[PDB]
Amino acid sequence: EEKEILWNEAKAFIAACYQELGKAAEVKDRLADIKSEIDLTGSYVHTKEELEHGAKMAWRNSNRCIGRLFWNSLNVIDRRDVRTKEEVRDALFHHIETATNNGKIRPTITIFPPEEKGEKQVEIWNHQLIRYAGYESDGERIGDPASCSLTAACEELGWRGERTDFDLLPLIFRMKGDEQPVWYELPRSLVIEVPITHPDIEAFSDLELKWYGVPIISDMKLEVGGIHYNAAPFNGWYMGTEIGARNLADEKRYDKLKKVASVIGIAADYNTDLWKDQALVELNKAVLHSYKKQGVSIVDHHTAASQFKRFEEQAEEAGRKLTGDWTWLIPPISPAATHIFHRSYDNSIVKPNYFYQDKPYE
């Protein structure tokens, strides 16, 4: 029942939000205003304060995120005013610039107009605002396989990649009323990249690996008080294992472990040599070293787990239930060296939150 689920979600959110903001006295009148507004318009508009706090709560409730200690310092940019594709493009360029902050990454979310009756106003096709293209033509793989379908969709639309292993995908999004998305090439001056080198092993540079500085997830829906912000890209800084144990290591991604084993001078022939484990450690050491040397924000998984322990402690002190997904919170290397591995977490979904949504292509 559309309006009823909206009103119910609104009631719960407004009470909780205003409680946290010390505004519990204003809850009654605000709810009155909202109920009338829904009665007449079928929806309601968040105040700037509600929107900001809602986006922060949504991060705080993200069960899969180890980085939640810093939820309250999220930089929230309200772009509910955009109406044109140039305004969207410029807002996304601005997000990249302000989030990057010359390498001292600022966790940031830009919030675009929400869905009206399930009707999107802006529909972003990118998984992240900055990501590498992927290709496969008869056997040979180039670039990031995770981007293969989006890359093909872009090329259908007249974009053409250089077919290096690190082509930047264009921004691609569709406006309400348009049949086709538009795409815009990323200005390279906006995009920080870090070449991967090793602190002790000079030959590591032979692999010619690099990665981009800022992960800006752009395909999830932010839900706050029953309002669906389907277009609301957000970023943090990387935890090193995301690059070194996933993006560059996974067989279905860049698949670099055999090449790493070769440059660090170990055989990749016997499981019992633990060469994959050894290669993973050195690649992950290289990633952290390289970001630190360049002055680009990054966190290692041990430090991240320690920060998360403080998030747990803060939640208990504030009297808030803690929720988490153990399977995503443990790091993909040395998980048992973190406190996370040795406890359990309630995987209940609490709103506001960020949610998956269907891809508009494929």
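All residue numbers are counted from 1 along the displayed sequence. Each form is matched to the other, and the largest set of C-alpha atoms that superpose within 1.5 Å is called the rigid core.
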| query | When the core is superposed, where do the C-alphas shift more in 5 other deposited structures of this protein: in 136-144 or in 254-262? | reply | 136-144
| task | Between 105-113 and 135-143, name whichever shows the higher mean Cα B factor according to the PDB entry. | result | 135-143
| If you average the CA temperature factors over each stretch, which comes out higher, 159-167 or 276-284? | 159-167
| task | Kindly indicate the residue among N235, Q128, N271, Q121 with the greatest C-alpha B-factor in the PDB record. | result | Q121
| query | Among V27, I330, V296, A58, which carries the highest Cα B-factor? | reply | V27
| field | CA B-factor ranking of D250, expressed as a third of its chain | value | lowest
| message | Among the modelled residues of this chain, does the Cα B factor of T303 put it in the lowest, middle or highest third? | response | lowest
| said: Could you place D90 in the lowest, middle or highest third of its chain by Cα temperature factor, using the values in the record? | reply: middle
| remark: Chain-relative C-alpha B factor for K259 (record values, thirds): the middle
| said: Where does the C-alpha B-factor of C65 rank in its chain, lowest, middle or highest third? | reply: lowest
